[PDB]
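Dropping data-v1.txt in here (compact mmCIF, N, CA, C and O atoms):
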# COMPACT_ATOMS: atom_id res chain seq x y z
N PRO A 1 84.27 115.73 96.97
CA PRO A 1 84.30 115.45 98.40
C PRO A 1 83.21 114.45 98.79
O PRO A 1 82.02 114.76 98.72
N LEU A 2 83.64 113.25 99.16
CA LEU A 2 82.73 112.18 99.59
C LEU A 2 81.81 111.75 98.45
O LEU A 2 82.00 112.16 97.30
N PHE A 3 80.83 110.89 98.77
CA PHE A 3 79.88 110.37 97.78
C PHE A 3 80.61 109.74 96.61
O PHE A 3 80.15 109.80 95.47
N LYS A 4 81.74 109.11 96.91
CA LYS A 4 82.59 108.51 95.90
C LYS A 4 81.82 107.49 95.05
O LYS A 4 82.01 107.42 93.85
N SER A 5 80.96 106.72 95.69
CA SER A 5 80.14 105.77 94.98
C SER A 5 78.82 105.59 95.70
O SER A 5 78.79 105.40 96.91
N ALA A 6 77.72 105.67 94.97
CA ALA A 6 76.41 105.50 95.56
C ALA A 6 75.53 104.66 94.66
O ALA A 6 75.76 104.58 93.46
N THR A 7 74.52 104.04 95.24
CA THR A 7 73.62 103.23 94.49
C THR A 7 72.23 103.26 95.11
O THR A 7 72.06 103.19 96.32
N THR A 8 71.26 103.43 94.27
CA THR A 8 69.87 103.39 94.67
C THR A 8 69.17 102.21 93.98
O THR A 8 68.98 102.20 92.76
N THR A 9 68.82 101.20 94.76
CA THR A 9 68.23 99.99 94.22
C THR A 9 66.86 99.73 94.82
O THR A 9 66.71 99.66 96.04
N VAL A 10 65.85 99.60 93.98
CA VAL A 10 64.51 99.31 94.45
C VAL A 10 64.41 97.86 94.89
O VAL A 10 64.98 96.97 94.26
N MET A 11 63.71 97.61 95.98
CA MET A 11 63.60 96.27 96.50
C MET A 11 62.33 95.61 96.01
O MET A 11 61.23 96.03 96.37
N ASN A 12 62.48 94.59 95.19
CA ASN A 12 61.34 93.87 94.64
C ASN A 12 61.46 92.38 94.91
O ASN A 12 61.40 92.00 96.11
N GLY A 23 57.59 97.71 108.82
CA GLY A 23 57.11 98.74 109.78
C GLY A 23 57.75 100.09 109.55
O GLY A 23 57.35 101.09 110.16
N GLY A 24 58.73 100.12 108.68
CA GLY A 24 59.42 101.34 108.38
C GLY A 24 60.90 101.14 108.44
O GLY A 24 61.38 100.08 108.84
N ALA A 25 61.64 102.17 108.08
CA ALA A 25 63.09 102.11 108.06
C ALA A 25 63.67 101.88 109.45
O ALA A 25 64.77 101.37 109.58
N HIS A 26 62.93 102.25 110.49
CA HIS A 26 63.42 102.04 111.85
C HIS A 26 63.47 100.56 112.19
O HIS A 26 64.13 100.15 113.14
N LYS A 27 62.75 99.76 111.41
CA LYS A 27 62.75 98.32 111.59
C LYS A 27 63.86 97.71 110.76
O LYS A 27 64.16 96.52 110.86
N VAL A 28 64.49 98.55 109.95
CA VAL A 28 65.54 98.13 109.05
C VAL A 28 66.90 98.56 109.58
O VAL A 28 67.17 99.75 109.74
N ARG A 29 67.73 97.59 109.86
CA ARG A 29 69.08 97.87 110.32
C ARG A 29 70.06 97.12 109.45
O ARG A 29 69.73 96.08 108.90
N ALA A 30 71.24 97.65 109.30
CA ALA A 30 72.23 97.02 108.45
C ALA A 30 73.40 96.54 109.26
O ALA A 30 73.76 97.14 110.27
N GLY A 31 73.99 95.44 108.83
CA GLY A 31 75.13 94.88 109.52
C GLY A 31 75.91 93.95 108.63
O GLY A 31 75.72 93.94 107.41
N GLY A 32 76.78 93.17 109.22
CA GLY A 32 77.57 92.25 108.45
C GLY A 32 79.02 92.66 108.38
O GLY A 32 79.35 93.80 108.73
N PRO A 33 79.91 91.77 107.92
CA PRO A 33 81.35 92.04 107.83
C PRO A 33 81.66 93.33 107.08
O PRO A 33 82.53 94.10 107.49
N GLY A 34 80.92 93.57 106.01
CA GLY A 34 81.15 94.74 105.17
C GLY A 34 80.92 96.07 105.86
O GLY A 34 81.37 97.11 105.37
N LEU A 35 80.22 96.07 106.98
CA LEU A 35 79.96 97.31 107.71
C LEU A 35 80.83 97.43 108.96
O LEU A 35 80.82 98.47 109.63
N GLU A 36 81.57 96.38 109.29
CA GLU A 36 82.46 96.43 110.44
C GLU A 36 83.91 96.61 110.01
O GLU A 36 84.67 97.31 110.67
N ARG A 37 84.28 95.98 108.91
CA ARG A 37 85.61 96.11 108.35
C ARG A 37 85.60 95.90 106.87
O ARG A 37 84.75 95.19 106.33
N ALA A 38 86.54 96.50 106.20
CA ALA A 38 86.65 96.39 104.78
C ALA A 38 88.10 96.34 104.37
O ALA A 38 88.96 96.88 105.06
N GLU A 39 88.38 95.67 103.28
CA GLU A 39 89.73 95.53 102.81
C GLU A 39 89.93 96.27 101.51
O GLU A 39 89.12 96.15 100.59
N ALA A 40 91.01 97.03 101.44
CA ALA A 40 91.32 97.81 100.27
C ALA A 40 91.49 96.92 99.04
O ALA A 40 92.40 96.09 98.98
N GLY A 41 90.61 97.10 98.08
CA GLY A 41 90.66 96.32 96.85
C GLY A 41 89.92 95.01 96.97
O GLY A 41 90.14 94.09 96.19
N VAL A 42 89.03 94.94 97.94
CA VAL A 42 88.26 93.72 98.19
C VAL A 42 86.79 94.06 98.39
O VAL A 42 86.46 95.03 99.08
N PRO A 43 85.88 93.28 97.77
CA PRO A 43 84.44 93.48 97.92
C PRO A 43 83.96 93.13 99.32
O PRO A 43 83.88 91.96 99.69
N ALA A 44 83.67 94.15 100.10
CA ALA A 44 83.17 93.97 101.45
C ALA A 44 81.66 93.82 101.41
O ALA A 44 80.95 94.75 101.01
N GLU A 45 81.16 92.67 101.81
CA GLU A 45 79.74 92.39 101.74
C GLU A 45 79.05 92.57 103.09
O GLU A 45 79.47 92.01 104.10
N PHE A 46 78.00 93.36 103.09
CA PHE A 46 77.18 93.56 104.26
C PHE A 46 75.73 93.22 103.92
O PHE A 46 75.35 93.21 102.74
N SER A 47 74.94 92.93 104.92
CA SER A 47 73.56 92.56 104.70
C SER A 47 72.63 93.51 105.43
O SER A 47 72.91 93.94 106.55
N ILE A 48 71.54 93.86 104.78
CA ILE A 48 70.57 94.75 105.37
C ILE A 48 69.36 93.96 105.86
O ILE A 48 68.80 93.14 105.13
N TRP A 49 68.98 94.19 107.10
CA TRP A 49 67.85 93.51 107.71
C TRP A 49 66.55 94.07 107.16
O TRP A 49 66.07 95.11 107.60
N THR A 50 65.99 93.38 106.18
CA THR A 50 64.77 93.82 105.54
C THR A 50 63.62 92.86 105.84
O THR A 50 62.72 92.68 105.02
N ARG A 51 63.65 92.26 107.03
CA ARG A 51 62.61 91.32 107.44
C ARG A 51 61.28 92.06 107.59
O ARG A 51 60.40 91.93 106.74
N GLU A 52 61.14 92.84 108.65
CA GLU A 52 59.96 93.66 108.82
C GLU A 52 60.21 95.02 108.21
O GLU A 52 60.72 95.92 108.87
N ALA A 53 59.89 95.16 106.95
CA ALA A 53 60.12 96.41 106.26
C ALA A 53 59.01 96.68 105.25
O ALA A 53 58.42 97.76 105.24
N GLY A 54 58.74 95.70 104.41
CA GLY A 54 57.70 95.85 103.41
C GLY A 54 58.26 96.21 102.06
O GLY A 54 57.51 96.59 101.15
N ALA A 55 59.59 96.10 101.92
CA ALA A 55 60.30 96.43 100.69
C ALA A 55 60.18 97.91 100.35
O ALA A 55 59.59 98.69 101.10
N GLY A 56 60.75 98.29 99.24
CA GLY A 56 60.70 99.67 98.82
C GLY A 56 61.90 100.07 98.01
O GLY A 56 62.04 99.65 96.85
N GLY A 57 62.77 100.85 98.60
CA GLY A 57 63.95 101.29 97.90
C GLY A 57 65.15 101.40 98.81
O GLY A 57 65.09 102.08 99.84
N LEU A 58 66.22 100.74 98.44
CA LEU A 58 67.44 100.75 99.21
C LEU A 58 68.46 101.66 98.56
O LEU A 58 69.02 101.34 97.51
N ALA A 59 68.70 102.79 99.18
CA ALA A 59 69.68 103.73 98.69
C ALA A 59 70.90 103.69 99.58
O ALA A 59 70.79 103.74 100.80
N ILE A 60 72.05 103.58 98.97
CA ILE A 60 73.30 103.47 99.69
C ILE A 60 74.34 104.39 99.09
O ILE A 60 74.55 104.38 97.88
N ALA A 61 74.99 105.18 99.92
CA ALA A 61 76.04 106.04 99.45
C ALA A 61 77.33 105.78 100.23
O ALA A 61 77.38 105.95 101.44
N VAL A 62 78.36 105.35 99.53
CA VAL A 62 79.65 105.09 100.15
C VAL A 62 80.53 106.32 100.06
O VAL A 62 80.96 106.73 98.97
N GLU A 63 80.78 106.94 101.19
CA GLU A 63 81.60 108.12 101.24
C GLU A 63 82.95 107.79 101.86
O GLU A 63 83.02 107.31 102.99
N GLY A 64 84.02 108.03 101.12
CA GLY A 64 85.33 107.75 101.64
C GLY A 64 86.42 108.51 100.92
O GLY A 64 86.14 109.34 100.05
N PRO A 65 87.69 108.24 101.27
CA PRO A 65 88.85 108.90 100.66
C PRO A 65 89.02 108.55 99.18
O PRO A 65 89.55 109.35 98.40
N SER A 66 88.58 107.37 98.79
CA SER A 66 88.76 106.93 97.41
C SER A 66 87.51 106.27 96.86
O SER A 66 86.51 106.12 97.57
N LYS A 67 87.57 105.88 95.60
CA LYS A 67 86.45 105.25 94.91
C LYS A 67 86.16 103.87 95.48
O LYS A 67 87.06 103.15 95.91
N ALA A 68 84.89 103.52 95.50
CA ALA A 68 84.46 102.24 95.98
C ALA A 68 83.64 101.54 94.90
O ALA A 68 82.95 102.19 94.12
N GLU A 69 83.73 100.22 94.83
CA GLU A 69 83.00 99.48 93.82
C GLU A 69 81.79 98.82 94.43
O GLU A 69 81.90 97.77 95.05
N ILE A 70 80.66 99.44 94.26
CA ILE A 70 79.43 98.93 94.83
C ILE A 70 78.77 97.93 93.90
O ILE A 70 78.41 98.25 92.76
N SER A 71 78.62 96.72 94.37
CA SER A 71 77.93 95.69 93.64
C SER A 71 76.73 95.22 94.45
O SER A 71 76.85 94.98 95.66
N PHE A 72 75.61 95.09 93.80
CA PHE A 72 74.39 94.68 94.46
C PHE A 72 73.94 93.33 93.93
O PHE A 72 73.78 93.15 92.72
N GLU A 73 73.75 92.39 94.82
CA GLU A 73 73.30 91.08 94.44
C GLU A 73 72.06 90.70 95.23
O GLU A 73 71.95 91.00 96.43
N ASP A 74 71.13 90.07 94.56
CA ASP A 74 69.87 89.70 95.18
C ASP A 74 69.98 88.31 95.80
O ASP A 74 70.97 87.60 95.58
N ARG A 75 68.97 87.92 96.55
CA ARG A 75 68.95 86.63 97.21
C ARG A 75 67.58 85.98 97.07
O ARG A 75 66.56 86.67 97.10
N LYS A 76 67.57 84.66 96.93
CA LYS A 76 66.35 83.90 96.66
C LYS A 76 65.28 84.09 97.75
O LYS A 76 64.09 84.12 97.45
N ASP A 77 65.71 84.21 98.99
CA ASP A 77 64.76 84.37 100.10
C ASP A 77 64.18 85.78 100.12
O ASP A 77 63.15 86.03 100.76
N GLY A 78 64.81 86.68 99.40
CA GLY A 78 64.39 88.06 99.40
C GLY A 78 65.22 88.87 100.37
O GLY A 78 64.74 89.84 100.96
N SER A 79 66.47 88.47 100.53
CA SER A 79 67.38 89.14 101.42
C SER A 79 68.30 90.07 100.63
O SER A 79 68.46 89.91 99.42
N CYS A 80 68.88 91.04 101.30
CA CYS A 80 69.74 92.01 100.66
C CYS A 80 71.22 91.75 100.95
O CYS A 80 71.61 91.53 102.11
N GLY A 81 72.02 91.75 99.90
CA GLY A 81 73.45 91.57 100.03
C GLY A 81 74.20 92.55 99.16
O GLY A 81 74.08 92.52 97.93
N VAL A 82 74.96 93.43 99.78
CA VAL A 82 75.70 94.45 99.04
C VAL A 82 77.19 94.33 99.32
O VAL A 82 77.61 94.27 100.47
N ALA A 83 77.98 94.30 98.26
CA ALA A 83 79.42 94.18 98.38
C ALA A 83 80.10 95.34 97.68
O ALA A 83 79.87 95.58 96.50
N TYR A 84 80.93 96.05 98.40
CA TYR A 84 81.65 97.18 97.83
C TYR A 84 83.10 97.08 98.08
O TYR A 84 83.53 96.63 99.14
N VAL A 85 83.85 97.45 97.11
CA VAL A 85 85.24 97.49 97.27
C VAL A 85 85.65 98.84 97.58
O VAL A 85 84.89 99.78 97.50
N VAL A 86 86.84 98.92 97.95
CA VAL A 86 87.46 100.12 98.23
C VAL A 86 88.72 100.15 97.46
O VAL A 86 89.38 99.14 97.35
N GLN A 87 89.06 101.24 96.89
CA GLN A 87 90.27 101.27 96.14
C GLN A 87 91.48 101.60 97.02
O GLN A 87 92.60 101.22 96.71
N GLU A 88 91.23 102.28 98.15
CA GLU A 88 92.32 102.69 99.06
C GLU A 88 91.84 102.66 100.51
O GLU A 88 90.74 103.09 100.81
N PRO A 89 92.69 102.19 101.43
CA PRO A 89 92.33 102.04 102.85
C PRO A 89 91.95 103.38 103.50
O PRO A 89 92.36 104.45 103.04
N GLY A 90 91.17 103.30 104.57
CA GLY A 90 90.71 104.49 105.26
C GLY A 90 89.33 104.28 105.85
O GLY A 90 88.80 103.17 105.81
N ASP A 91 88.74 105.33 106.39
CA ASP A 91 87.40 105.23 106.97
C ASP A 91 86.37 105.53 105.92
O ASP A 91 86.53 106.47 105.13
N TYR A 92 85.31 104.75 105.90
CA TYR A 92 84.28 104.89 104.88
C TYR A 92 82.93 104.93 105.50
O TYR A 92 82.53 104.01 106.17
N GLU A 93 82.21 105.99 105.26
CA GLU A 93 80.93 106.14 105.86
C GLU A 93 79.85 105.83 104.85
O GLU A 93 79.64 106.57 103.89
N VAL A 94 79.22 104.69 105.04
CA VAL A 94 78.16 104.24 104.18
C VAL A 94 76.84 104.78 104.68
O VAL A 94 76.34 104.33 105.70
N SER A 95 76.30 105.74 103.99
CA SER A 95 75.03 106.31 104.36
C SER A 95 73.90 105.59 103.64
O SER A 95 73.83 105.59 102.41
N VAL A 96 73.02 104.94 104.40
CA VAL A 96 71.92 104.21 103.78
C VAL A 96 70.60 104.90 103.97
O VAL A 96 70.42 105.72 104.87
N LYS A 97 69.68 104.56 103.09
CA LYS A 97 68.34 105.06 103.13
C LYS A 97 67.37 103.99 102.67
O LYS A 97 67.45 103.51 101.54
N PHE A 98 66.47 103.62 103.54
CA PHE A 98 65.42 102.69 103.20
C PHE A 98 64.14 103.47 103.00
O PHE A 98 63.57 104.00 103.96
N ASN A 99 63.70 103.56 101.75
CA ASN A 99 62.49 104.29 101.40
C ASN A 99 62.65 105.76 101.79
O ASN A 99 61.76 106.35 102.41
N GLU A 100 63.82 106.32 101.43
CA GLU A 100 64.18 107.72 101.68
C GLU A 100 64.58 107.96 103.16
O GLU A 100 64.97 109.06 103.54
N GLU A 101 64.51 106.92 103.97
CA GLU A 101 64.84 107.06 105.38
C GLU A 101 66.25 106.57 105.70
O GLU A 101 66.60 105.43 105.45
N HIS A 102 67.01 107.46 106.29
CA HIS A 102 68.42 107.28 106.71
C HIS A 102 68.64 106.16 107.73
O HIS A 102 69.71 106.04 108.22
N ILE A 103 67.63 105.36 107.98
CA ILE A 103 67.49 104.43 109.12
C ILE A 103 68.16 104.89 110.45
O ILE A 103 68.96 105.81 110.49
N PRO A 104 67.78 104.30 111.57
CA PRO A 104 68.43 104.60 112.82
C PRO A 104 69.86 104.09 112.83
O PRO A 104 70.12 102.88 112.92
N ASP A 105 70.76 105.02 112.64
CA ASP A 105 72.21 104.82 112.70
C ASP A 105 72.83 104.34 111.38
O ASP A 105 73.81 103.60 111.40
N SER A 106 72.28 104.77 110.22
CA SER A 106 72.86 104.39 108.92
C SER A 106 74.25 104.81 108.68
O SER A 106 74.92 104.14 107.94
N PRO A 107 74.74 105.96 109.17
CA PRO A 107 76.00 106.36 108.75
C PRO A 107 77.12 105.54 109.40
O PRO A 107 77.76 105.95 110.37
N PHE A 108 77.31 104.37 108.85
CA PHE A 108 78.29 103.41 109.31
C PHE A 108 79.65 103.68 108.70
O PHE A 108 79.80 103.62 107.48
N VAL A 109 80.62 103.97 109.53
CA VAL A 109 81.97 104.17 109.04
C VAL A 109 82.73 102.87 109.17
O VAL A 109 82.99 102.39 110.27
N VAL A 110 83.06 102.31 108.05
CA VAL A 110 83.76 101.06 108.00
C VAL A 110 85.25 101.29 107.80
O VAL A 110 85.66 101.90 106.81
N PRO A 111 86.07 100.85 108.76
CA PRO A 111 87.52 100.96 108.64
C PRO A 111 88.07 100.01 107.59
O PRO A 111 88.07 98.79 107.78
N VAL A 112 88.49 100.56 106.48
CA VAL A 112 89.08 99.76 105.45
C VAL A 112 90.57 99.70 105.67
O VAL A 112 91.22 100.72 105.88
N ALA A 113 91.09 98.51 105.61
CA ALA A 113 92.49 98.31 105.82
C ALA A 113 93.07 97.50 104.68
O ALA A 113 92.33 96.88 103.90
N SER A 114 94.37 97.51 104.57
CA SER A 114 95.04 96.78 103.51
C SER A 114 95.01 95.28 103.81
O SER A 114 95.31 94.87 104.93
N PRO A 115 94.63 94.44 102.82
CA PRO A 115 94.57 92.99 103.01
C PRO A 115 95.94 92.42 103.37
O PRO A 115 96.05 91.40 104.05
N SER A 116 96.98 93.10 102.91
CA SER A 116 98.34 92.72 103.23
C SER A 116 98.74 93.31 104.59
O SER A 116 98.87 94.56 104.67
As structure tokens - that is how I would like this structure written.
Amino acid sequence: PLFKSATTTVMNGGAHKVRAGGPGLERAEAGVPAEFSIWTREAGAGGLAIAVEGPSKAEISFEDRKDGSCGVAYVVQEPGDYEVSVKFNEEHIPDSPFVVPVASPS
């Protein structure tokens, strides 16, 4: 039940200063890597933990960025609502449990 795919990646003012957004957190396509970005400007780095909870398996891929920005892309194997629970340095951030409506690309 839930926690279909999760990832804890260390990042090399607090979690309340960290908010997540991007296409990947507003909509997702079944069988497509939905990429979202986490606002880690005023944070101080630490550890980015992400758990994708949904009806089916999700493919979480983590890619780094030269500026030191965060970019996470996850697929979904089947359409539905997906609640991505994030944690920055063990903190669930303000409003992490983002439910992303995954729909069929077709």
Which is closer to residue 73 of chain A than all the others in A:53, A:61, A:30, A:48, using only C-alpha atoms?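 Of the candidates, the smallest distance to residue 73 of chain A is held by A:48.
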Give the padded box for segment 7-11 of chain A as AutoDock Vina command-line options: axis-aligned, covering all atoms listed in the file, 5 Å on each side, centre and edge lengths in Å to one decimal.
--center_x 67.9 --center_y 99.8 --center_z 94.6 --size_x 23.3 --size_y 18.4 --size_z 13.7
In Å, how far is it from atom O of residue 83 of chain A to atom N of residue 12 of chain A?
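Computing it gives 17.5 Å between the two atoms.
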- Contacts of segment 2-8 of chain A at 8 Å (all atoms listed in the file; same-chain gap of 4+ positions) as a list in words: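 My reading of the contact set: residues 57, 58, 59, 60, 61, 62, 63, 64, 65, 66, 67, 68, 69, 70, 93, 94, 95, 96 and 97 of chain A.
Between atom CA of residue 54 of chain A and atom CA of residue 36 of chain A lies a distance of 25.7 Å.
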So which bits of segment 31-108 of chain A end up strand (DSSP E or B) when you DSSP the backbone, as a compact mmCIF listing (two decimals) with N, CA, C and O atoms, in the coordinates of the input?
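The new file part_29.txt reads:
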# COMPACT_ATOMS: atom_id res chain seq x y z
N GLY A 31 73.99 95.44 108.83
CA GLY A 31 75.13 94.88 109.52
C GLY A 31 75.91 93.95 108.63
O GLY A 31 75.72 93.94 107.41
N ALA A 38 86.54 96.50 106.20
CA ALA A 38 86.65 96.39 104.78
C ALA A 38 88.10 96.34 104.37
O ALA A 38 88.96 96.88 105.06
N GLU A 39 88.38 95.67 103.28
CA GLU A 39 89.73 95.53 102.81
C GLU A 39 89.93 96.27 101.51
O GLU A 39 89.12 96.15 100.59
N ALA A 40 91.01 97.03 101.44
CA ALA A 40 91.32 97.81 100.27
C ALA A 40 91.49 96.92 99.04
O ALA A 40 92.40 96.09 98.98
N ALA A 44 83.67 94.15 100.10
CA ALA A 44 83.17 93.97 101.45
C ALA A 44 81.66 93.82 101.41
O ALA A 44 80.95 94.75 101.01
N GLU A 45 81.16 92.67 101.81
CA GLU A 45 79.74 92.39 101.74
C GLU A 45 79.05 92.57 103.09
O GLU A 45 79.47 92.01 104.10
N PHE A 46 78.00 93.36 103.09
CA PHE A 46 77.18 93.56 104.26
C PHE A 46 75.73 93.22 103.92
O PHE A 46 75.35 93.21 102.74
N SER A 47 74.94 92.93 104.92
CA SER A 47 73.56 92.56 104.70
C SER A 47 72.63 93.51 105.43
O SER A 47 72.91 93.94 106.55
N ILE A 48 71.54 93.86 104.78
CA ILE A 48 70.57 94.75 105.37
C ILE A 48 69.36 93.96 105.86
O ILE A 48 68.80 93.14 105.13
N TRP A 49 68.98 94.19 107.10
CA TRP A 49 67.85 93.51 107.71
C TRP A 49 66.55 94.07 107.16
O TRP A 49 66.07 95.11 107.60
N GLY A 56 60.75 98.29 99.24
CA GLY A 56 60.70 99.67 98.82
C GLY A 56 61.90 100.07 98.01
O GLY A 56 62.04 99.65 96.85
N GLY A 57 62.77 100.85 98.60
CA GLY A 57 63.95 101.29 97.90
C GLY A 57 65.15 101.40 98.81
O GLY A 57 65.09 102.08 99.84
N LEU A 58 66.22 100.74 98.44
CA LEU A 58 67.44 100.75 99.21
C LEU A 58 68.46 101.66 98.56
O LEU A 58 69.02 101.34 97.51
N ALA A 59 68.70 102.79 99.18
CA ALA A 59 69.68 103.73 98.69
C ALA A 59 70.90 103.69 99.58
O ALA A 59 70.79 103.74 100.80
N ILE A 60 72.05 103.58 98.97
CA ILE A 60 73.30 103.47 99.69
C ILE A 60 74.34 104.39 99.09
O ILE A 60 74.55 104.38 97.88
N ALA A 61 74.99 105.18 99.92
CA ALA A 61 76.04 106.04 99.45
C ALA A 61 77.33 105.78 100.23
O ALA A 61 77.38 105.95 101.44
N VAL A 62 78.36 105.35 99.53
CA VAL A 62 79.65 105.09 100.15
C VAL A 62 80.53 106.32 100.06
O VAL A 62 80.96 106.73 98.97
N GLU A 63 80.78 106.94 101.19
CA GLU A 63 81.60 108.12 101.24
C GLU A 63 82.95 107.79 101.86
O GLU A 63 83.02 107.31 102.99
N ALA A 68 84.89 103.52 95.50
CA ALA A 68 84.46 102.24 95.98
C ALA A 68 83.64 101.54 94.90
O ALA A 68 82.95 102.19 94.12
N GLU A 69 83.73 100.22 94.83
CA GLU A 69 83.00 99.48 93.82
C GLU A 69 81.79 98.82 94.43
O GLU A 69 81.90 97.77 95.05
N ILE A 70 80.66 99.44 94.26
CA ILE A 70 79.43 98.93 94.83
C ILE A 70 78.77 97.93 93.90
O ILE A 70 78.41 98.25 92.76
N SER A 71 78.62 96.72 94.37
CA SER A 71 77.93 95.69 93.64
C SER A 71 76.73 95.22 94.45
O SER A 71 76.85 94.98 95.66
N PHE A 72 75.61 95.09 93.80
CA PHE A 72 74.39 94.68 94.46
C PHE A 72 73.94 93.33 93.93
O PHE A 72 73.78 93.15 92.72
N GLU A 73 73.75 92.39 94.82
CA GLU A 73 73.30 91.08 94.44
C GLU A 73 72.06 90.70 95.23
O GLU A 73 71.95 91.00 96.43
N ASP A 74 71.13 90.07 94.56
CA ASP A 74 69.87 89.70 95.18
C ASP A 74 69.98 88.31 95.80
O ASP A 74 70.97 87.60 95.58
N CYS A 80 68.88 91.04 101.30
CA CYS A 80 69.74 92.01 100.66
C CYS A 80 71.22 91.75 100.95
O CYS A 80 71.61 91.53 102.11
N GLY A 81 72.02 91.75 99.90
CA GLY A 81 73.45 91.57 100.03
C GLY A 81 74.20 92.55 99.16
O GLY A 81 74.08 92.52 97.93
N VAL A 82 74.96 93.43 99.78
CA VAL A 82 75.70 94.45 99.04
C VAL A 82 77.19 94.33 99.32
O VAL A 82 77.61 94.27 100.47
N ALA A 83 77.98 94.30 98.26
CA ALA A 83 79.42 94.18 98.38
C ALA A 83 80.10 95.34 97.68
O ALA A 83 79.87 95.58 96.50
N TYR A 84 80.93 96.05 98.40
CA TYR A 84 81.65 97.18 97.83
C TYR A 84 83.10 97.08 98.08
O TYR A 84 83.53 96.63 99.14
N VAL A 85 83.85 97.45 97.11
CA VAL A 85 85.24 97.49 97.27
C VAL A 85 85.65 98.84 97.58
O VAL A 85 84.89 99.78 97.50
N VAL A 86 86.84 98.92 97.95
CA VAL A 86 87.46 100.12 98.23
C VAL A 86 88.72 100.15 97.46
O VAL A 86 89.38 99.14 97.35
N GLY A 90 91.17 103.30 104.57
CA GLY A 90 90.71 104.49 105.26
C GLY A 90 89.33 104.28 105.85
O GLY A 90 88.80 103.17 105.81
N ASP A 91 88.74 105.33 106.39
CA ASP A 91 87.40 105.23 106.97
C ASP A 91 86.37 105.53 105.92
O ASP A 91 86.53 106.47 105.13
N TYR A 92 85.31 104.75 105.90
CA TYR A 92 84.28 104.89 104.88
C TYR A 92 82.93 104.93 105.50
O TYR A 92 82.53 104.01 106.17
N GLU A 93 82.21 105.99 105.26
CA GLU A 93 80.93 106.14 105.86
C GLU A 93 79.85 105.83 104.85
O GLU A 93 79.64 106.57 103.89
N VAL A 94 79.22 104.69 105.04
CA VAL A 94 78.16 104.24 104.18
C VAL A 94 76.84 104.78 104.68
O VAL A 94 76.34 104.33 105.70
N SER A 95 76.30 105.74 103.99
CA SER A 95 75.03 106.31 104.36
C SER A 95 73.90 105.59 103.64
O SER A 95 73.83 105.59 102.41
N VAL A 96 73.02 104.94 104.40
CA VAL A 96 71.92 104.21 103.78
C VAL A 96 70.60 104.90 103.97
O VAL A 96 70.42 105.72 104.87
N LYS A 97 69.68 104.56 103.09
CA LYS A 97 68.34 105.06 103.13
C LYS A 97 67.37 103.99 102.67
O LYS A 97 67.45 103.51 101.54
N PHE A 98 66.47 103.62 103.54
CA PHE A 98 65.42 102.69 103.20
C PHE A 98 64.14 103.47 103.00
O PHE A 98 63.57 104.00 103.96
N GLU A 101 64.51 106.92 103.97
CA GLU A 101 64.84 107.06 105.38
C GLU A 101 66.25 106.57 105.70
O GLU A 101 66.60 105.43 105.45
N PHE A 108 77.31 104.37 108.85
CA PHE A 108 78.29 103.41 109.31
C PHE A 108 79.65 103.68 108.70
O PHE A 108 79.80 103.62 107.48
Tell me, as a PDB file with N, CA, C and O atoms, in the coordinates of the input, which residues lie within 8 Å of residue 34 of chain A, counting only C-alpha atoms; anything in the same chain fewer than 5 positions away does not count.
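Produced file part-v5.pdb, reproduced below:
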ATOM      1  N   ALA A  44      83.670  94.150 100.100  1.00  0.00           N
ATOM      2  CA  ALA A  44      83.170  93.970 101.450  1.00  0.00           C
ATOM      3  C   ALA A  44      81.660  93.820 101.410  1.00  0.00           C
ATOM      4  O   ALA A  44      80.950  94.750 101.010  1.00  0.00           O
ATOM      5  N   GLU A  45      81.160  92.670 101.810  1.00  0.00           N
ATOM      6  CA  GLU A  45      79.740  92.390 101.740  1.00  0.00           C
ATOM      7  C   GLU A  45      79.050  92.570 103.090  1.00  0.00           C
ATOM      8  O   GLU A  45      79.470  92.010 104.100  1.00  0.00           O
ATOM      9  N   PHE A  46      78.000  93.360 103.090  1.00  0.00           N
ATOM     10  CA  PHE A  46      77.180  93.560 104.260  1.00  0.00           C
ATOM     11  C   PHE A  46      75.730  93.220 103.920  1.00  0.00           C
ATOM     12  O   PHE A  46      75.350  93.210 102.740  1.00  0.00           O
ATOM     13  N   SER A  47      74.940  92.930 104.920  1.00  0.00           N
ATOM     14  CA  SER A  47      73.560  92.560 104.700  1.00  0.00           C
ATOM     15  C   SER A  47      72.630  93.510 105.430  1.00  0.00           C
ATOM     16  O   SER A  47      72.910  93.940 106.550  1.00  0.00           O
ATOM     17  N   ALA A  83      77.980  94.300  98.260  1.00  0.00           N
ATOM     18  CA  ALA A  83      79.420  94.180  98.380  1.00  0.00           C
ATOM     19  C   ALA A  83      80.100  95.340  97.680  1.00  0.00           C
ATOM     20  O   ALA A  83      79.870  95.580  96.500  1.00  0.00           O
ATOM     21  N   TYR A  84      80.930  96.050  98.400  1.00  0.00           N
ATOM     22  CA  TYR A  84      81.650  97.180  97.830  1.00  0.00           C
ATOM     23  C   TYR A  84      83.100  97.080  98.080  1.00  0.00           C
ATOM     24  O   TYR A  84      83.530  96.630  99.140  1.00  0.00           O
ATOM     25  N   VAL A 110      83.060 102.310 108.050  1.00  0.00           N
ATOM     26  CA  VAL A 110      83.760 101.060 108.000  1.00  0.00           C
ATOM     27  C   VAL A 110      85.250 101.290 107.800  1.00  0.00           C
ATOM     28  O   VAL A 110      85.660 101.900 106.810  1.00  0.00           O
TER      29      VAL A 110
END
Legend entry - Long-range neighbours of residue 50 of chain A as number ranges by chain, 10 Å cut-off, only C-alpha atoms, 6 positions minimum in chain: A: 11, 24-25, 27-30, 56, 58, 78-80, 98
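Distances here use all atoms listed in the file; by that measure, the residue among A:1, A:26, A:41, A:33 closest to residue 102 of chain A is A:26.
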Measure the distance from atom N of residue 106 of chain A to atom O of residue 9 of chain A in Å and round it to one decimal.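 The value is 16.1 Å.
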As a ChimeraX atom specification, please: every residue in chain A that DSSP puts in alpha helix (DSSP H). /A:33-36
Closest of A:104, A:111, A:32, A:23 to residue 91 of chain A - atom-to-atom distances counting only N, CA, C and O atoms: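 Closest candidate: A:111.
Distance check against residue 35 of chain A using all atoms listed in the file: of A:10, A:81, A:52, A:92, the minimum falls on A:92.
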